[PDB]
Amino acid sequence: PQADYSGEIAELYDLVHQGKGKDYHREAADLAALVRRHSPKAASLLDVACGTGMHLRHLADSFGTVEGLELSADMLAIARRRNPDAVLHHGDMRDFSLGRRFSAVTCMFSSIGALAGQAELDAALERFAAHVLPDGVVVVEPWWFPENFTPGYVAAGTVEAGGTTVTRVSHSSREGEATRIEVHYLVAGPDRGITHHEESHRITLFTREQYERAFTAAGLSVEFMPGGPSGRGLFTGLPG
């Protein structure tokens, strides 16, 4: 299985997540209101691990200048197509340097959990702090805390769009201090026939203290609020 968000997996991302019920329009509106709460006059936003650019496409309608960073070229391609007039960088949230700062730096949908341990987490928070304006805000949607993760969780759904049926089923286990989530897809359409795809990801179960440590090492005050877009809450941090 792949772990790199590429190929047909990357192609099926938007369809499966929309079918699961993810509402990027609501999420972007919530996020713009969160940002303006901590930074009333905020005018620009860097979305880190922006994936297919779905958040940016909507954040564009609340913020004058949006920008992305994304490690997977195949995810980035879809995002650039969707956000043709924004700058979207190919790069790595651990070690990136855009030479500018934004009112908000966001990292959504637990993309932070692709990092391996405290050192990587710390390095990414430090980069997020390096790209935020002095009156701005950094927003990170965490993965589950270890005590709130349910090993053995099964998600299964099937959606169809434009002649094609796509079933996605995931199963998750605890693997050391991370979730191993294994995801299988069957994709069937009249002319193309049926194929099976798979991916597999390790998503780190950082504790609240570990996120907090990373924010604080970056010069950011930190606040957690439970709930948020995926039930995992949101951290925000403010420089100074």
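Each residue number is its position in the shown sequence, starting from 1.
Undergrad: Please compare 28 to 36 with 167 to 175 and say which has the higher mean C-alpha temperature factor in the record.
TA: Mean C-alpha B-factor is greater for 28 to 36.
Undergrad: Between 40 to 48 and 188 to 196, name whichever shows the higher mean Cα B factor according to the PDB entry.
TA: Between 40 to 48 and 188 to 196, it is 40 to 48.
Undergrad: Which is it among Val139, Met93, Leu98, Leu115: the one with the largest CA B-factor in the entry?
TA: The record points to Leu98.
Undergrad: Between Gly157, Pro146, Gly152, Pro84, which carries the biggest CA temperature factor in the record?
TA: Most elevated C-alpha B-factor of the set, per the entry: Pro84.
Undergrad: Could you place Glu212 in the lowest, middle or highest third of its chain by Cα temperature factor, using the values in the record?
TA: According to the entry, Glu212 has a C-alpha B-factor in the chain's middle third.
Undergrad: By the recorded C-alpha temperature factor, relative to the other modelled residues in its chain, which third is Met108 in?
TA: Lowest third of the chain for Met108's C-alpha B-factor.
Undergrad: Compared with the other modelled residues in the chain, in which third is the CA B-factor of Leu121?
TA: It falls in the bottom third of the chain.
Undergrad: Ordered by C-alpha B-factor within the chain, which third holds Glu70? Give me lowest, middle or highest, please.
TA: It belongs to the lowest third of the chain when residues are ordered by C-alpha B-factor.
Undergrad: Which third, lowest, middle or highest, does the CA B-factor of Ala60 fall in along this chain?
TA: Tercile = highest for this residue's CA B-factor.
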